[PDB]
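Shown next as structure tokens: one chain only, the form deposited in one PDB entry.
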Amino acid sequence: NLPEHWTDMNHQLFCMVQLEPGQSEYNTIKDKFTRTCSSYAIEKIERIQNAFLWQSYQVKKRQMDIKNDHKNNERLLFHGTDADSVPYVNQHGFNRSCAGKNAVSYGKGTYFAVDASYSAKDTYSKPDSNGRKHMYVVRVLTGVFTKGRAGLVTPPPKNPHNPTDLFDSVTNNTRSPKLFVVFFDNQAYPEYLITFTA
């Protein structure tokens, strides 16, 4: 079941679809971005239609919904990256083995921001040769989360006496989360690519 609102991809498995401003789908992403990035301007927003990534992500979403007690397991988050990474993320998603060490490390995993502003820093969304910055808008299975720790390679157990019964993700602060870290493949779907400039 690929979402019915996607463009027909004609038996092909990947497509980047450029959105039209004035449509709700474009305007809602612009507003979530501009709420903390008013100093920047969007060149374009592309919807990522990746059938394999969607299938694997929605399988993990279904399992986390079954495992957790009627939780909102999914957040819409931002990820700034450099241009060299964009073809790889587009095709293969977020690979923790490729992840930057974050300035404040709450674990060795893939980082995702509540605020576009955080992802808009040049450290993440490194401007390319043409001054273009790249930011993903990402469905993330944050699930049940705890404050992380720089040493984590997996999320911590909820209970030290049950080592395999893990939290889903970790955050910088559980009362005001600004960051989430995930430690497993297909726990994040890159849904949109915002291309933007100063």
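What we label the rigid core is the largest C-alpha set whose atoms superpose within 1.5 Å from one form to the other. Shifts are known only where both forms have a C-alpha. The first residue of the sequence shown is number 1, and the count goes up from there.
One more form of this protein should be noted, the form deposited with a small molecule bound, which is absent from this view; the next part is about it.
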Assess the spot marked by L19, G22 and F33: is the small molecule within 4.5 Å of a heavy atom from every one of these residues in the deposited bound form?
no
Residue contact check: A113 to the small molecule in the deposited bound form, 4.5 Å heavy atom:
yes
Contact test in the deposited bound form: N73 vs the small molecule, heavy atoms, 4.5 Å
no
Examine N102 after superposing the rigid core and state whether its CA is displaced by 2 Å or more between the shown form and the other one.
yes
Taking the shown form as the reference, report whether the CA atoms of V104 and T110 lie closer or farther apart in the deposited bound form; the distance changes by 3 angstroms or more.
closer
What changes in the deposited bound form is the Cα distance between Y57 and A99, by 3 Å or more; the two atoms are farther
Kindly list the runs, ordered along the sequence, of 3+ consecutive residues whose C-alpha shifts are all 2 Å or more between the shown form and the other one once the two forms are aligned on their core.
99-104
